[PDB]
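I have placed the structure first, in the form of structure tokens, so that the comments after it can refer back to it.
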Number of protein chains: 4
Amino acid sequence: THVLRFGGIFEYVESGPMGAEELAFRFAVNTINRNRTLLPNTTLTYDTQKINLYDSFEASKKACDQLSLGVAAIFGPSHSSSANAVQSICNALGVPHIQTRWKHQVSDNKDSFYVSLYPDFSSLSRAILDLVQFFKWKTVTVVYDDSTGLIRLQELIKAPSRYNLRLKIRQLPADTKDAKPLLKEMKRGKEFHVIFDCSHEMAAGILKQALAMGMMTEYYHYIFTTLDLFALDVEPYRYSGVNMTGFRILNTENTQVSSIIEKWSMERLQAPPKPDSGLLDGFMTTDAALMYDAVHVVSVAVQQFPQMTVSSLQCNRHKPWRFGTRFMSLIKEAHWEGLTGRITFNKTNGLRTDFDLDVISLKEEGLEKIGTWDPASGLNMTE
Amino acid sequence: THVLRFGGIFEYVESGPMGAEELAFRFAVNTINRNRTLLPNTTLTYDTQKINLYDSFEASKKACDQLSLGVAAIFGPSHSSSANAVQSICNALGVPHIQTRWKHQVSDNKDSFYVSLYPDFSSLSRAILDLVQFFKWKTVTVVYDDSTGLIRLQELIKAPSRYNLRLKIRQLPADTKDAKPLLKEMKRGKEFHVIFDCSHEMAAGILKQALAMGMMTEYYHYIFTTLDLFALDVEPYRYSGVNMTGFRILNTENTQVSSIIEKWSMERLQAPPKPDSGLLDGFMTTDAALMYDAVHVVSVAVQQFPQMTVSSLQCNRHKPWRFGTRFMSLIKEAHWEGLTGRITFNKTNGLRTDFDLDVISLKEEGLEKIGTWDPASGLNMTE
Amino acid sequence: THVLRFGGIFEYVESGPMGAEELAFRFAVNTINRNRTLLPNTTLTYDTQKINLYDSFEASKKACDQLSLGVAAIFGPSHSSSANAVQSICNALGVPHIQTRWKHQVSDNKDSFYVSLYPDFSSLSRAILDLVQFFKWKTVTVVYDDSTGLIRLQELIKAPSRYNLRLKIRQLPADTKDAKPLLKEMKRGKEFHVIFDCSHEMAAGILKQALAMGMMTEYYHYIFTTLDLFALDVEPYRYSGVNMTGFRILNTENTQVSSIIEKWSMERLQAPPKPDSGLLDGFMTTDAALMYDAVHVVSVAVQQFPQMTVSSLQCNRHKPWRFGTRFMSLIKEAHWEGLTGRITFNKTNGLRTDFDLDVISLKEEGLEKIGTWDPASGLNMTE
Amino acid sequence: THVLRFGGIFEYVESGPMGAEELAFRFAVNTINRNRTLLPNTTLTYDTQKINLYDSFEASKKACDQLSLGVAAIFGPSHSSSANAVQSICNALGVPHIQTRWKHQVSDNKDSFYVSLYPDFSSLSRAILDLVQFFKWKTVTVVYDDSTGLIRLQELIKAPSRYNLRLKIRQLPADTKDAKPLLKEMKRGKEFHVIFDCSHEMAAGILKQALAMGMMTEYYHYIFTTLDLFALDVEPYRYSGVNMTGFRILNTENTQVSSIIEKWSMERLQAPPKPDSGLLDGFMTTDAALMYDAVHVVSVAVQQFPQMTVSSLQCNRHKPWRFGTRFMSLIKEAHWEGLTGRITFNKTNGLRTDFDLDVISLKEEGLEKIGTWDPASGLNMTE
Ligand SMILES: *[C@@H]1O[C@H](CO)[C@@H](O[C@@H]2O[C@H](CO)[C@@H](O[C@@H]3O[C@H](CO)[C@@H](O)[C@H](O)[C@@H]3O)[C@H](O)[C@H]2NC(C)=O)[C@H](O)[C@H]1NC(C)=O
Ligand SMILES: *[C@@H]1O[C@H](CO)[C@@H](O[C@@H]2O[C@H](CO)[C@@H](O[C@@H]3O[C@H](CO)[C@@H](O)[C@H](O)[C@@H]3O)[C@H](O)[C@H]2NC(C)=O)[C@H](O)[C@H]1NC(C)=O
Ligand SMILES: *[C@@H]1O[C@H](CO)[C@@H](O[C@@H]2O[C@H](CO)[C@@H](O[C@@H]3O[C@H](CO)[C@@H](O)[C@H](O)[C@@H]3O)[C@H](O)[C@H]2NC(C)=O)[C@H](O)[C@H]1NC(C)=O
Ligand SMILES: *[C@@H]1O[C@H](CO)[C@@H](O[C@@H]2O[C@H](CO)[C@@H](O[C@@H]3O[C@H](CO)[C@@H](O)[C@H](O)[C@@H]3O)[C@H](O)[C@H]2NC(C)=O)[C@H](O)[C@H]1NC(C)=O
Ligand SMILES: *[C@@H]1O[C@H](CO)[C@@H](O[C@@H]2O[C@H](CO)[C@@H](O[C@@H]3O[C@H](CO)[C@@H](O)[C@H](O)[C@@H]3O)[C@H](O)[C@H]2NC(C)=O)[C@H](O)[C@H]1NC(C)=O
Ligand SMILES: *[C@@H]1O[C@H](CO)[C@@H](O[C@@H]2O[C@H](CO)[C@@H](O[C@@H]3O[C@H](CO)[C@@H](O)[C@H](O)[C@@H]3O)[C@H](O)[C@H]2NC(C)=O)[C@H](O)[C@H]1NC(C)=O
Ligand SMILES: *[C@@H]1O[C@H](CO)[C@@H](O[C@@H]2O[C@H](CO)[C@@H](O[C@@H]3O[C@H](CO)[C@@H](O)[C@H](O)[C@@H]3O)[C@H](O)[C@H]2NC(C)=O)[C@H](O)[C@H]1NC(C)=O
Ligand SMILES: *[C@@H]1O[C@H](CO)[C@@H](O[C@@H]2O[C@H](CO)[C@@H](O[C@@H]3O[C@H](CO)[C@@H](O)[C@H](O)[C@@H]3O)[C@H](O)[C@H]2NC(C)=O)[C@H](O)[C@H]1NC(C)=O
Ligand SMILES: *[C@@H]1O[C@H](CO)[C@@H](O)[C@H](O)[C@H]1NC(C)=O
Ligand SMILES: *[C@@H]1O[C@H](CO)[C@@H](O)[C@H](O)[C@H]1NC(C)=O
Ligand SMILES: *[C@@H]1O[C@H](CO)[C@@H](O)[C@H](O)[C@H]1NC(C)=O
Ligand SMILES: *[C@@H]1O[C@H](CO)[C@@H](O)[C@H](O)[C@H]1NC(C)=O
Ligand SMILES: *[C@@H]1O[C@H](CO)[C@@H](O)[C@H](O)[C@H]1NC(C)=O
Ligand SMILES: *[C@@H]1O[C@H](CO)[C@@H](O)[C@H](O)[C@H]1NC(C)=O
Ligand SMILES: *[C@@H]1O[C@H](CO)[C@@H](O)[C@H](O)[C@H]1NC(C)=O
Ligand SMILES: *[C@@H]1O[C@H](CO)[C@@H](O)[C@H](O)[C@H]1NC(C)=O
């Protein structure tokens, strides 16, 4: 009988229930504890702490508390300022750091003990660039929201120096959802081919404002960078004649994965979606799908390593954990068929640049898979 | 008799002498200790610690050591990953954090206790954009080096959506100085109007490689984003017929400032510039000029606040410093005429968006001031 | 066992080692003395004297000293003022005079006893004129250094009276290497097609100054009159996109000749090339290559004439040497395959107007043979 | 009573009488010996030797014979190959060398003991260049005879790089007076503005052949480089309507000079001019006029130096003559009003670049002075 303790550092909300990632972290730990073939005779427990996500000092205190109590991994603070602080703690004290969201990896950072399960925007900007070639675009307009979106789509911005695109980079307004002065300039500029770098909460907001202005016609085509395009109530836009392409790594066409999504709406039951926020009703985001996967990919590594004993490391007397070097190598060699497809890592750095997308577009009936993407193959679009 | 202790967290070098910022921090503290009108009867001492600059854990330990010994300010780790960790420590424990280099301020960071003395690239990208209007450019090519340079020049990249520029964003090769495959594509692409986002060490390297390929003619024009264009041995390029514009905030035309630059070459004497690195011989970089200024701008605040007593704060029992709220307000209200012009801060956030540049170009005689820039006025170019 | 004594009159240097011609004269005499098939059972010795090269009185004293001791040939004073004095001594006293450098032969000079091994500029000005036809030039600019260069390139200057060239004859500054006021007039005059009449020491100097001004672009083409274009460190100019044509009589593509060039760097070892003089490291000049050949071509004549006995001639009682008439006819009928190709003489006067050049140009990889020249054939340019 | 012995090295003719320079050397020495104010109580004697003029060995033997007998000056071998040999003898042994004909002074010749009385072609090529400006020429054709004529007229050849001339350099045939294939190309090329670099013997020959072909019309203009244009029987060309410009330094408009020219035809009486050689009957050439002057300019120096004693110098034991340094300085400071105008020398090198020409042209009446030239003033053409 073993007691492994996966750490976690999640968002602190005062009014609603626990977040989507903290639910999926608790739902995953309960899944391996019930299921018997994966990790027999062990009992995964958890040590979830809650932070502000914008406080690198508070994230570093909770990371040293989890190392003092003793963890075998830390499943990310999930924000760029807080994740870089906890990554360097986990690098110095041996213990792995599991990331499920994208952040800017600075080029001269010699950190080994981290893996990210979010699909890398080195690969995702090539998938978007393959679509604008397939659709024969020449007047692309990238619309992002925050200044880090330039780093995300940098291979798309450098594309007119190797092809015949003509980019017109624009930015959403600072914090307000008043995208109407942006969309007036896009409508007057005759820009019919738009790539949005947004989240699905902000994709839904500007799609209501593109309806009310001029822009949900059969002349406009919208590629979406977000992987949660399948979580939009697209009922006002089905008959609109529009073309709305995108991607989806959440492999919802398996019977096994769709079983878990149907289980997900049960225990989540609280926090209903407010009506003028036209996301769909019951779904896993790809944010929570990668946190459900991250517990399983580390679980592949602990099944291949049974003699693990959790130690109580100390930050101001920082010494590496005894099995931190081998167990990190088992996480970077782990293969898993999770909610988000195949999960293999990039041996050099530790990212997911090898993954399987599903190109989805908006048809009259609904929002349907019209192709596939694969870094080896490319676009296999059976449209 | 007072004993104020300004902290500092600088780069650790194993072979050469102390860095340019740590020299200028020691040279500034010795200057106020000698000079009598600024801070009478007090003695500024220092507590310089040395880190790797790429280790947010090591930067956070040295910041808690300086808070344990007791400081009244921390003069920056001077790298983006390390500065964001020490900013959140200084925000939680009251003590100000003085920054002298640019880093990405994420938009939802509610940090108050920090000021940056580096000229903001919100203002510097408008100064570069005013030059490409004045020079009547329409085929601009931005060349940057690291992925954060997109965030720096984002107002220049968004400019073809409000003017008639046609940007072609390119990137230098990853770490090597083999910019020849980049410059072949720029020469074959007939790109004569280039903006380089580099440092002066990398500006000197690609200017040697632009000479040897095709590109230092009278057809090519080079705007440089760096503020240390005046520190290039431009003797191979004076008669080249080229046009090489740029900026300079280091106000070298005063008798008072040029006295300090002449003092600077004396005590620095070690570490000579190697010959195939064609920077000039004796100069302050704008990196060290802002660290000389940062000690003085905080010195204006302590002259207006004589009853300051340094306290010994603790990180794991984090309580704000007693005078941290008032003394931070005096730093954000400080005015100073330093090496880099007028130093006034941006009351909203804490940046320098109000500063005085000097547009310099390459003439046959040398590298001379051909104008001025000011966020209020604009380009007053007496060419 | 014979003792033949070839005379020699070379440059007197006070600081460095012996000159390139005096080394090659000593290296050649040692070669025939070792090698057995050419001249069996004889031992060539030498009688090298050193002069100022600008003193026809001192050159005439050393020539009468060598005739008093007794020589069978004199291998040139190698300067125009000194060579004409020693030519008339050798004509009056019978003994041959071997020349390895060009000088102005006045038309009414009835001298028989001399041969020159330097390629005649009657033939070399036609080879340059064939290149400006092949390259379809019409705006040729000849740049020479001393006033005798007009005599050298006179068939190139008389060419617009039989073709459609438009010559613009210019001269380098008097003694200084300040060719920048010359190159300003050539750049402002839009003169992209330049023929330089220089030595390789002065070709290297003005190529550094053409780089620093405007002129090493892909618009400028430089034909070089010198036969030592292969002895330039052209590493700063390979990627420059320039076109730099020229000639080479030193037949470096044979295994036998390249063996001797590899032997040459061994014994020469002293006198390294100073860095800002960007000639290559180890090479025979064509000046020393013709002095290595001149000992061998005379050696062909003494193998065909075994009964030669060296006599002690006197200048103030001038009587011709007994075998001077026959042995001079054997030198003018000698054939040899030396370092500089085939060596046959011009029966009428005694020059080399029949020789084999190798047209070399500057490519991106290096400086490569792009054709051939031959007075019979013409340009066979397999470019 | 003194006995000064001026040396001389002149041409050896086998059939006719002594040459024009040797007559004028004997006529000048007889003139100072008769006349009493210039050199009282001294008796100039002479030591004229005769050479082949194309033998630098024979010229060097006669120069050492005159130094052995003892001379105070040597009045030139008067040919370029022979003069450079005797110049270096006179430089090494102290004794001055007086030149009366042009030769190529190589630029790195450090010879002090020589003066030339022939007008320098540095100044004479500017006088020809001032005429082609005054006559508003733009299609100039230079015709020379030997390859040294390029060195003579080099400032005229370099003139299209600073003005709007368009030179077409041509050469007379090698030795024959068959200039008809040259004049066919000049007539077919529509070249009406011709500069001839010739002697007056060859100017008369090609003027007979320009009459018989097409070219003595009112369309053709001929500038002559020779200073003996006044010695042409121009009676067939007076009414021809031609324009034939030229120069004249022989100052035939003085009563004193025209007395000497009338004396000259008396003692010369032998050697009549053959009819088909249409030079005039009785005249001093400027060759003999400068030899008459050269004895007088040296005579100014010996009047200012009475204690001169002629010494017997030796060539193979070469030691400078005791008063050679001072007496050479008196020749370079001598002023004289001779047959050829004012005779002042060029302190730097020793040439005549300051002289007074007389521009003469062909009118219907005869060949008349139409202007003046002076290096200070320029063309004062009272036409
Ligand atoms: C509960 O059972 C297993 C617990 O191990 C869960 O994961 C699976 O673990 C086994 C251990 O090697 C592997 O079996 C695979 O099962 C899938 C069923 O979809 C089948 O397609 C494969 O050929 C193989 O038999 C596998 O590593 C892993 N499954 C996957 C998809 O990676 C399993 O997910 C849990 N649920 C059920 C309903 O079994
Ligand atoms: C592990 O990580 C490295 C670096 O992230 C991966 O290297 C990258 O691999 C791709 C494919 O070889 C390189 O080229 C790109 O490929 C697309 C394929 O669609 C092609 O269309 C483009 O020509 C594009 O250049 C990419 O440059 C390369 N990056 C570097 C720095 O070498 C590597 O593939 C990963 N290993 C895996 C996934 O096994
Ligand atoms: C010691 O530090 C004091 C700092 O106050 C220096 O005194 C003054 O410092 C500033 C230079 O930043 C100057 O004051 C200003 O001058 C302008 C005109 O240039 C005037 O408009 C302002 O009202 C203000 O006075 C001033 O140059 C300088 N004072 C003097 C006399 O130079 C002081 O120079 C420092 N001492 C040493 C030895 O460096
Ligand atoms: C304190 O900070 C804020 C922002 O950090 C400063 O406001 C900024 O002011 C500039 C100039 O007025 C605005 O930028 C540009 O104005 C130019 C005028 O030519 C024009 O090309 C564009 O329309 C562009 O907007 C900038 O928008 C504005 N920032 C914000 C967020 O509104 C403010 O001036 C600072 N206070 C000081 C220096 O006292
Ligand atoms: C010693 O000198 C003799 C000179 O005869 C060298 O023998 C031969 O010299 C010439 C090189 O100039 C070559 O002869 C010719 O070769 C061509 C083919 O390359 C052939 O067509 C001719 O019929 C003639 O034979 C030849 O390379 C060379 N002989 C050998 C065996 O290499 C001899 O090489 C000199 N010895 C040394 C040690 O250098
Ligand atoms: C011995 O010497 C004489 C001259 O030193 C050589 O004669 C010269 O031969 C060349 C070539 O045939 C003639 O030059 C040029 O011919 C080209 C053919 O393309 C043409 O562009 C011109 O018409 C030009 O004349 C040159 O005129 C001629 N020289 C003389 C004085 O006739 C002779 O070939 C030598 N003997 C040998 C190498 O056996
Ligand atoms: C014979 O008499 C003198 C001998 O000395 C010859 O040359 C002249 O020498 C005197 C001595 O200084 C100078 O007199 C000048 O005479 C000319 C007459 O043309 C006059 O114009 C001057 O104002 C001055 O009085 C002078 O240096 C020199 N003459 C010249 C022209 O340079 C003279 O040439 C001989 N013949 C006659 C007829 O006197
Ligand atoms: C002594 O000899 C030197 C060198 O031969 C003479 O120097 C030369 O003098 C002229 C006049 O200053 C220079 O310029 C030329 O002048 C003409 C006048 O008509 C003018 O039109 C042109 O602009 C032309 O450049 C010439 O360059 C200069 N040479 C050198 C090497 O400096 C000097 O004048 C002589 N001294 C005398 C005659 O007192
Ligand atoms: C949607 O996609 C189809 C197929 O690529 C294309 O024909 C159509 O024009 C697109 N709609 C747009 C661009 O509005
Ligand atoms: C596209 O998918 C089909 C069906 O799975 C398969 O033939 C192959 O993977 C792809 N086709 C091509 C031509 O690559
Ligand atoms: C540099 O300045 C000159 C003169 O103002 C002008 O050619 C242009 O502004 C620049 N040169 C270029 C772009 O070649
Ligand atoms: C720019 O030039 C002068 C120099 O300082 C300045 O005084 C003037 O006011 C400015 N001109 C403008 C802003 O038009
Ligand atoms: C050099 O060669 C290239 C290719 O043959 C051609 O541009 C031309 O011949 C030369 N280049 C010039 C004159 O710029
Ligand atoms: C030039 O090229 C080849 C290569 O050596 C040569 O054999 C051939 O005879 C020549 N071709 C001609 C002269 O047409
Ligand atoms: C001779 O000179 C006059 C005056 O310069 C000129 O008018 C005439 O045309 C000239 N004769 C020619 C060029 O044949
Ligand atoms: C031309 O000569 C006249 C008369 O000798 C005289 O006025 C002056 O020297 C010259 N005139 C000018 C204007 O130079």
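Cβ coordinates were reconstructed from backbone atoms using ideal geometry, including for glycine residues, and neighbour counts include every protein chain displayed. The values are calculated or read from the model by the stated rules, or taken from the named source; nothing here is a laboratory result.
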In this structure, is C:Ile169 touching a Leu at 6+ places or on another chain (Cβ under 7 Å) and surrounded by 20 or more Cβ atoms within 10 Å (Cβ to Cβ)?
-> no
Pairing a residue in the range C:259-275 that is closer than 16 Å to C:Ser15 by Cα with any residue that is surrounded by 13 or more Cβ atoms within 10 Å (Cβ to Cβ), where Cβ atoms lie under 6 Å and the two sit 6 or more apart in sequence or on different chains, gives C:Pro273/C:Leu279
Please go through the range A:104-122 and pick out each residue that is within 12 Å of chain B (Cβ to nearest Cβ) and of a type in the set (A, V, I, L, M).
-> A:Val106
Residue match in the range A:40-51 (condition: out of contact with any helix residue (DSSP H, G or I) (no Cβ under 7 Å at 6 or more places or on another chain) and part of a loop (DSSP other than H, G, I, E, B)) | yes
For the range B:339-364, name all the residues that are closer than 23 Å to B:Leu232 by Cβ and either within 16 Å of ligand 1 (Cβ to nearest atom) or more than 14 Å from every other protein chain (Cβ to nearest Cβ) (or both).
-> B:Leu339, B:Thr340, B:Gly341, B:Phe355, B:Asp356, B:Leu357, B:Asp358, B:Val359, B:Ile360, B:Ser361, B:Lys363
Pair list, Cβ < 8 Å and 6+ apart or interchain, from the range B:22-49 residues that are within 16 Å of ligand 5 (Cβ to nearest atom) to residues that are among the acidic types (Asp, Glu) and part of a loop (DSSP other than H, G, I, E, B) = none
Does the range A:147-154 contain any residue that is farther than 29 Å from B:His79 by Cβ and not hydroxyl-bearing (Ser, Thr, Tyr)?
-> no
Limited to the range A:135-186, what total is found for residues that are of a type in the set (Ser, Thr, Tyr) and over 23 Å from B:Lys190 (Cα atoms)?
-> 5
Please enumerate the residues belonging to the range D:99-127 that are assigned to a helix (DSSP H, G or I) and in contact (Cβ under 8 Å) with a residue 60 or more places away in the chain.
-> D:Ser122, D:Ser123, D:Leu124, D:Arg126, D:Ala127
Working only within the range B:157-176, note down all residues that are among the aliphatic types (A, V, I, L, M) and either facing chain A (nearest Cβ under 10 Å) or part of a helix (DSSP H, G or I) (or both).
-> B:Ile157, B:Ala159, B:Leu167, B:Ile169, B:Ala174
Does the range D:96-103 include one or more residues that are more than 25 Å from D:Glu58 (Cβ to Cβ) and within 12 Å of chain C (Cβ to nearest Cβ)?
-> no
Per the list (1) surrounded by 24 or more Cβ atoms within 10 Å (Cβ to Cβ); (2) farther than 17 Å from C:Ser81 by Cα, residue check on D:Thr43 breaks on (1)
Please state which one of C:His79, C:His97 is within 23 Å of C:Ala334 (Cα to Cα) and in the same structural domain as C:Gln314 (by CATH).
-> C:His97
Are any of the residues in the range D:133-155 more than 14 Å from every other protein chain (Cβ to nearest Cβ) and of a type outside the set (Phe, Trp, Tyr)?
-> yes
B:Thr217, sole failed condition from (1) polar (S, T, N, Q); (2) assigned to a loop (DSSP other than H, G, I, E, B); (3) over 22 Å from B:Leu367 (Cα atoms) | (3)
C:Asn33 of a type in the set (S, T, N, Q), touching a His at 6+ places or on another chain (Cβ under 9 Å) and more than 14 Å from every other protein chain (Cβ to nearest Cβ) = no
Expected single match for touching a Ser or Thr at 6+ places or on another chain (Cβ under 7 Å) and more than 14 Å from chain A (Cβ to nearest Cβ) among B:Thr225, B:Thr252 is B:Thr252
Among the residues of the range B:149-156, is there at least one that is assigned to a helix (DSSP H, G or I) and either over 19 Å from A:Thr148 (Cβ atoms) or not assigned by CATH to the domain that holds B:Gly278 (or both)?
-> no
Could you give me the residue pairs with C-beta distances under 6 Å whose first residue belongs to the range A:202-224 and is in the same structural domain as A:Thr176 (by CATH) and under 14 Å from A:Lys184 (Cα atoms), whose second residue is surrounded by fewer than 18 Cβ atoms within 10 Å (Cβ to Cβ) and of a type in the set (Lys, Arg) wherever it lies, and which are 6+ apart or on separate chains?
-> A:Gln209/A:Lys180; A:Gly214/A:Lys187
Confirm whether D:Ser107 is of a type outside the set (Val, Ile, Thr) and crowded, with 21+ Cβ neighbours inside 10 Å.
-> no
Which of the following residues is within 8 Å of chain B (Cβ to nearest Cβ), at negative phi and touching a helix residue (DSSP H, G or I) at 6+ places or on another chain (Cβ under 8 Å): A:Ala59, A:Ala85, A:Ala63?
-> A:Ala85
Evaluate the following for B:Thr348: is it within 16 Å of ligand 11 (Cβ to nearest atom), assigned to a loop (DSSP other than H, G, I, E, B) and not charged (D, E, K, R)?
-> no
What number of residues within the range A:210-229 satisfy the criterion of being of a type outside the set (A, V, I, L, M) and surrounded by fewer than 17 Cβ atoms within 10 Å (Cβ to Cβ)?
-> 4
Count of residues meeting criterion [outside any helix (DSSP H, G or I), more than 11 Å from every other protein chain (Cβ to nearest Cβ) and closer than 16 Å to D:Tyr144 by Cβ] in the range D:177-191 = 2
Only one residue in A:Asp146, A:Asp130 is outside any helix (DSSP H, G or I) and assigned by CATH to the domain that holds A:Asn380, so which one is that?
-> A:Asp146
